[PDB]
Every structure is written in C-alpha cells, then in structure tokens.
Amino acid sequence: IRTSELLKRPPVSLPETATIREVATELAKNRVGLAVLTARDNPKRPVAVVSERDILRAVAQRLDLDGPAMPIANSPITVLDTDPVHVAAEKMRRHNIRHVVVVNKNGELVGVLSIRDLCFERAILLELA
Amino acid sequence: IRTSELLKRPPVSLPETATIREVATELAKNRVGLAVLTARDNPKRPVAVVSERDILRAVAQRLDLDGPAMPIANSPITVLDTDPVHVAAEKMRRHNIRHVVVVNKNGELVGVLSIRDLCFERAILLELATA
Ligand SMILES: Nc1ncnc2c1ncn2[C@@H]1O[C@H](COP(=O)(O)O)[C@@H](O)[C@H]1O
Ligand SMILES: Nc1ncnc2c1ncn2[C@@H]1O[C@H](COP(=O)(O)O)[C@@H](O)[C@H]1O
Ligand SMILES: Nc1ncnc2c1ncn2[C@@H]1O[C@H](COP(=O)(O)O)[C@@H](O)[C@H]1O
Ligand SMILES: Nc1ncnc2c1ncn2[C@@H]1O[C@H](COP(=O)(O)O)[C@@H](O)[C@H]1O
Ligand SMILES: [Cs+]
Ligand SMILES: [Cs+]
Ligand SMILES: [Cs+]
Ligand SMILES: [Cs+]
Ligand SMILES: [Cs+]
Ligand SMILES: [Cs+]
C-alpha cells in the first residue's frame with residue numbers, strides 16, 4: 001500500500017562532487033537507471049539526481065565525461081516513505097520521470113523507487129488505476 | 001487493446017553499421033531511450049536494438065564511442081502489431097526491459113512501444129490488472 005514497502009534495495013548514491021564517468025560507473029555496477037547525489041557535509045541529504053538519460057545527452061553533446069556531474073544533475077522530486085504508492089506513480093506520470101526519490105520526514109535518503117517497481121506487479125497495478 | 005493502437009510515432013532507427021555516438025545523437029535528437037538497428041540490405045528488418053543503458057556501459061567501460069554500435073546492441077525482443085497490449089507488458093516484466101519492438105506479420109519494423117506508454121494511462125493500467 002505504501003512507498004517503503006516497494007523498496008527493493010539500499011540507495012545507490014555518490015557525493016555531489018562526483019564526475020560524470022564516476023556516476024556512469026556506479027550506475028553500470030549496480031544495474032540501475034538513476035543515481036542520487038548526496039551532500040558533501042551530509043551524505044544522508046539528497047541534493048540532486050543523475051540519470052543515464054542525462055549521461056546520454058552528455059555523450060551526444062561531447063561534454064568532458066571526467067568533468068563534474070552536478071551541472072547535468074537535477075533537483076530531486078521526492079515522495080515520503082510513509083506516502084501511498086500511487087503518489088509515487090502519478091509524480092512519475094506528471095513529471096515524465098521513471099524514478100522518484102523516497103525520503104523520510106527528516107528529509108533523509110531512504111531509497112529510490114522506479115516505474116519498474118509499480119508496473120510489474122498485479123497487486124499494485126489494480127491500485128494505480 | 002492492441003499494440004498498434006498505442007503507437008504514436010514513426011520508428012526511431014539507424015542502419016546496423018552505425019557507430020555508438022551516432023546512436024547517442026539519434027537518441028538525444030528524438031528524446032527516446034531506445035534505437036532500433038535495421039539491416040544493411042533491408043531497412044524494414046530490425047536486426048538489433050541499442051538503449052541509452054548500453055551507451056552508459058560503453059561510457060563506464062571507456063569504449064571507443066566512434067566504434068560500431070552492433071557489439072553493444074541486443075537481439076530484438078518483439079511483439080506483433082496485432083497482439084494485445086498485455087503481451088508487450090508481460091515481456092517487459094519477464095525480461096526486465098522497458099521497451100518492446102513492434103513488428104508486423106512479415107517481421108518488418110512497425111514501431112516501438114515503451115513502459116512509458118503502458119503505465120501512464122488509466123485505461124491501460126486497468127487492463128493490465130484484468131489480464
Ligand atoms: N538510485 C537507486 N537506488 C536504489 N535502488 C534503485 C535506484 N534506482 C533504481 N533502483 C531500484 O533498482 C531497480 C532497477 O532500477 P532501474 O533500472 O533504474 O529501474 C528498480 O526496481 C528500483 O527499485
Ligand atoms: N526523482 C527525480 N528527481 C528529479 N529529476 C529526475 C528524477 N527522476 C528522473 N529525473 C530526470 O529525468 C530525466 C530522465 O529520468 P529517468 O526517466 O529516471 O531516466 C533525467 O534528466 C533525470 O535527471
Ligand atoms: N525506438 C523508438 N522508435 C519510435 N518510438 C519510440 C522508440 N522508443 C520509444 N518510442 C516512443 O516514444 C516515447 C519515448 O519514450 P522513451 O523512449 O521511453 O523515453 C515512448 O513513450 C514510446 O511510445
Ligand atoms: N525490445 C528489446 N529487445 C532486446 N533488448 C532490449 C529491448 N529493450 C531494451 N533492451 C535491452 O535492455 C537493456 C535496458 O534497456 P531499457 O531499460 O529498455 O532502456 C539494454 O541493454 C537494452 O539493450
Ligand atoms: Cs540540468
Ligand atoms: Cs491521491
Ligand atoms: Cs505531462
Ligand atoms: Cs523530465
Ligand atoms: Cs494511432
Ligand atoms: Cs550486449
């Protein structure tokens with residue numbers, strides 16, 4: 001019923017000072033589509049997100065792939081861990097994103113949810129309609 | 001509800017001889033996650049697919065992005081244009097992919113369906129639940 005129950009894994013994240021390639025390596029190594037950029041001082045606070053989609057455009061535009069990742073990162077769209085799952089689903093539909101970052105009431109990184117999680121379960125699909 | 005009815009765009013494709021960067025440019029230009037690689041002799045026949053996920057690994061492994069795209073591509077997982085939409089959704093789930101290449105009875109490239117198409121419409125979501 002709620003967001004936290006659909007989380008499969010610990011959050012895949014790097015510090016905000018990470019390079020574009022460093023994010024690319026971390027995404028390939030974990031077989032995920034998005035990486036959360038955490039703050040320097042506080043590794044629990046998500047400051048941005050970087051997707052393979054962002055890296056793809058960096059490749060097409062011929063950016064320095066060893067340059068900083070923050071300039072291609074976006075400000076996180078979030079859902080609470082205590083929120084119902086359909087909120088995460090409609091934010092994805094609304095923002096045309098395939099990920100939502102799950103945080104707690106303190107604003108700390110709990111995990112990341114994917115469109116993959118919501119669509120491939122019959123129990124969820126009937127709720128989201 | 002059948003795959004051909006959820007098609008809203010002509011297939012984004014390149015010839016199988018395309019480089020990795022040439023695919024990356026095509027993906028960015030069309031704002032899509034996948035590109036279908038078509039045959040040399042017959043551009044209607046899909047021979048492979050390349051996702052931005054594949055390009056991402058190319059970046060991480062420091063491959064020559066001006067090298068050919070075919071070695072980083074995959075054998076196309078297809079669905080018929082006449083097939084019902086739940087079959088396409090079933091293949092995405094089973095094979096852990098977010099795209100399916102829609103072809104016709106002759107095996108020619110009609111279009112490409114995405115997990116984005118199936119999940120962001122209430123009419124479809126309900127039918128995916130009904131089975
Ligand atoms: N940044 C992340 N941290 C932790 N788990 C993730 C992250 N991104 C995606 N996932 C999970 O890993 C699976 C595959 O990720 P994706 O290929 O990005 O959909 C999904 O079902 C998500 O639940
Ligand atoms: N939870 C999120 N918060 C902010 N931006 C996002 C989020 N998920 C995806 N994006 C952005 O949407 C684009 C592609 O996202 P995705 O569909 O997750 O690959 C990239 O430019 C991402 O930075
Ligand atoms: N290779 C392709 N050729 C034509 N249309 C596509 C292709 N890939 C995706 N689409 C469609 O265009 C949209 C692009 O989204 P996506 O590729 O999932 O980022 C999807 O909703 C599909 O309906
Ligand atoms: N229709 C398809 N047939 C074969 N492989 C695919 C298909 N769609 C995606 N893939 C592969 O699955 C991985 C993730 O693709 P995606 O998550 O759909 O961007 C990539 O390595 C793709 O090459
Ligand atoms: Cs940006
Ligand atoms: Cs609601
Ligand atoms: Cs929208
Ligand atoms: Cs977006
Ligand atoms: Cs149509
Ligand atoms: Cs491959």
# chains A, B, ... in the order shown; residues from 1 in each chain; ligands from 1
$ interface_residues --of "chain A" --to "chain B" --cutoff "6 Å" --atoms "only C-alpha atoms" --output "ChimeraX atom specification"
/A:24-25,28,57,60,93,120,122,125-126,129
$ write_last_selection --atoms "N, CA and C atoms" --output "short mmCIF file (atom, residue, chain, number, x, y, z; two decimals), in the first residue's frame"
data_model
loop_
_atom_site.label_atom_id
_atom_site.label_comp_id
_atom_site.auth_asym_id
_atom_site.auth_seq_id
_atom_site.Cartn_x
_atom_site.Cartn_y
_atom_site.Cartn_z
N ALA A 24 28.50 7.19 -14.10
CA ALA A 24 28.30 6.16 -15.13
C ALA A 24 28.77 4.79 -14.66
N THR A 25 29.93 4.75 -14.02
CA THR A 25 30.48 3.51 -13.46
C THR A 25 29.57 2.95 -12.38
N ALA A 28 26.33 1.48 -13.90
CA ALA A 28 26.59 0.21 -14.57
C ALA A 28 26.86 -0.91 -13.57
N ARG A 57 22.81 12.38 -23.02
CA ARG A 57 22.86 13.70 -23.62
C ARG A 57 24.25 14.32 -23.50
N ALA A 60 26.13 12.75 -26.33
CA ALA A 60 25.73 13.34 -27.62
C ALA A 60 26.29 14.75 -27.81
N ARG A 93 4.29 9.96 -13.81
CA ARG A 93 3.45 10.30 -14.95
C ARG A 93 3.42 11.81 -15.19
N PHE A 120 5.10 -3.76 -12.83
CA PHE A 120 5.29 -5.21 -13.00
C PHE A 120 4.77 -6.07 -11.84
N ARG A 122 0.91 -7.26 -10.27
CA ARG A 122 -0.54 -7.25 -10.43
C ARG A 122 -1.25 -6.62 -9.23
N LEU A 125 -0.77 -2.70 -9.79
CA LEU A 125 -1.48 -2.24 -10.99
C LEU A 125 -2.97 -1.94 -10.76
N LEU A 126 -3.65 -2.82 -10.03
CA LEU A 126 -5.08 -2.64 -9.74
C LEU A 126 -5.35 -1.45 -8.83
N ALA A 129 -4.90 2.15 -10.93
CA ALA A 129 -5.94 2.50 -11.89
C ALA A 129 -7.02 3.37 -11.25
#
$ residues_near_ligand --ligand "ligand 7" --cutoff "7 Å" --atoms "only C-alpha atoms and all ligand atoms" --output "PyMOL selection string"
chain A and resi 93-96
$ write_last_selection --atoms "N, CA and C atoms" --output "compact mmCIF listing (two decimals), in the first residue's frame"
# COMPACT_ATOMS: atom_id res chain seq x y z
N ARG A 93 4.29 9.96 -13.81
CA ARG A 93 3.45 10.30 -14.95
C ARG A 93 3.42 11.81 -15.19
N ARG A 94 3.32 12.58 -14.11
CA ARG A 94 3.22 14.04 -14.18
C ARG A 94 4.52 14.68 -14.68
N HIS A 95 5.64 14.31 -14.06
CA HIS A 95 6.95 14.87 -14.42
C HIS A 95 7.63 14.16 -15.58
N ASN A 96 7.00 13.10 -16.09
CA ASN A 96 7.57 12.28 -17.16
C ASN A 96 8.94 11.74 -16.76
$ residues_around --residues "residue 40 of chain A" --least-positions-apart "4" --cutoff "8 Å" --atoms "only C-alpha atoms" --output "PyMOL selection string"
chain A and resi 15-17
$ select_by_dssp --residues "chain B" --states "alpha helix (DSSP H)" --output "VMD selection string"
chain B and resid 20 to 30 52 to 60 85 to 94 115 to 119 122 to 130
$ select_by_dssp --residues "chain A" --states "strand (DSSP E)" --output "MDAnalysis selection string"
chainID A and resid 13:15 34:38 46:51 78:80 99:103 109:114
$ write_last_selection --atoms "N, CA and C atoms" --output "short mmCIF file (atom, residue, chain, number, x, y, z; two decimals), in the first residue's frame"
data_model
loop_
_atom_site.label_atom_id
_atom_site.label_comp_id
_atom_site.auth_asym_id
_atom_site.auth_seq_id
_atom_site.Cartn_x
_atom_site.Cartn_y
_atom_site.Cartn_z
N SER A 13 24.03 5.80 -4.46
CA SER A 13 24.35 7.22 -4.43
C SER A 13 25.85 7.50 -4.45
N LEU A 14 26.20 8.71 -4.88
CA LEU A 14 27.56 9.21 -4.84
C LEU A 14 27.53 10.61 -4.21
N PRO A 15 28.70 11.12 -3.78
CA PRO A 15 28.73 12.52 -3.34
C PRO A 15 28.47 13.47 -4.50
N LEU A 34 19.22 5.41 -12.34
CA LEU A 34 19.41 6.71 -11.69
C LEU A 34 20.39 6.60 -10.53
N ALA A 35 21.10 7.69 -10.25
CA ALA A 35 21.99 7.79 -9.10
C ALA A 35 21.69 9.07 -8.33
N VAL A 36 21.55 8.97 -7.01
CA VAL A 36 21.27 10.13 -6.18
C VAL A 36 22.58 10.78 -5.75
N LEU A 37 22.68 12.09 -5.93
CA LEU A 37 23.84 12.85 -5.48
C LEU A 37 23.56 13.38 -4.08
N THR A 38 24.35 12.93 -3.10
CA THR A 38 24.20 13.35 -1.71
C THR A 38 25.12 14.53 -1.40
N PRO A 46 19.80 14.14 0.08
CA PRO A 46 19.91 14.13 -1.38
C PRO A 46 19.83 15.54 -1.95
N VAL A 47 20.86 15.95 -2.67
CA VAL A 47 20.92 17.30 -3.26
C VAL A 47 20.55 17.31 -4.74
N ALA A 48 20.78 16.19 -5.43
CA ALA A 48 20.43 16.08 -6.85
C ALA A 48 20.35 14.62 -7.30
N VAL A 49 19.88 14.42 -8.53
CA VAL A 49 19.83 13.09 -9.14
C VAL A 49 20.42 13.15 -10.54
N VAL A 50 21.05 12.06 -10.96
CA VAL A 50 21.60 11.95 -12.31
C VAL A 50 21.14 10.63 -12.92
N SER A 51 20.57 10.70 -14.12
CA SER A 51 20.11 9.51 -14.83
C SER A 51 21.02 9.20 -16.01
N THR A 78 10.64 14.18 -4.90
CA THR A 78 10.60 13.20 -3.82
C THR A 78 9.20 12.75 -3.41
N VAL A 79 9.16 11.61 -2.71
CA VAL A 79 7.96 11.13 -2.03
C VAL A 79 8.37 10.67 -0.64
N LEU A 80 7.46 10.77 0.32
CA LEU A 80 7.74 10.28 1.67
C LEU A 80 7.67 8.76 1.68
N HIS A 99 11.67 7.57 -12.17
CA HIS A 99 12.16 7.38 -10.81
C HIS A 99 11.60 8.44 -9.89
N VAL A 100 11.44 8.08 -8.62
CA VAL A 100 11.13 9.03 -7.56
C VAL A 100 12.01 8.69 -6.37
N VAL A 101 12.60 9.71 -5.75
CA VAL A 101 13.47 9.52 -4.60
C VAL A 101 12.62 9.47 -3.35
N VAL A 102 12.76 8.39 -2.58
CA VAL A 102 11.99 8.22 -1.35
C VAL A 102 12.79 8.74 -0.15
N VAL A 103 12.21 9.69 0.58
CA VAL A 103 12.84 10.26 1.77
C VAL A 103 11.94 10.08 2.99
N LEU A 109 17.69 10.44 2.79
CA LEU A 109 17.55 9.43 1.74
C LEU A 109 17.26 8.05 2.33
N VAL A 110 16.06 7.54 2.05
CA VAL A 110 15.66 6.19 2.47
C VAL A 110 15.86 5.21 1.32
N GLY A 111 15.52 5.63 0.11
CA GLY A 111 15.70 4.81 -1.08
C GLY A 111 15.24 5.50 -2.35
N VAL A 112 15.19 4.75 -3.44
CA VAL A 112 14.72 5.25 -4.73
C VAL A 112 13.76 4.24 -5.34
N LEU A 113 12.62 4.72 -5.83
CA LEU A 113 11.61 3.86 -6.45
C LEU A 113 11.62 4.10 -7.96
N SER A 114 11.32 3.06 -8.72
CA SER A 114 11.33 3.11 -10.18
C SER A 114 9.97 2.76 -10.75
#
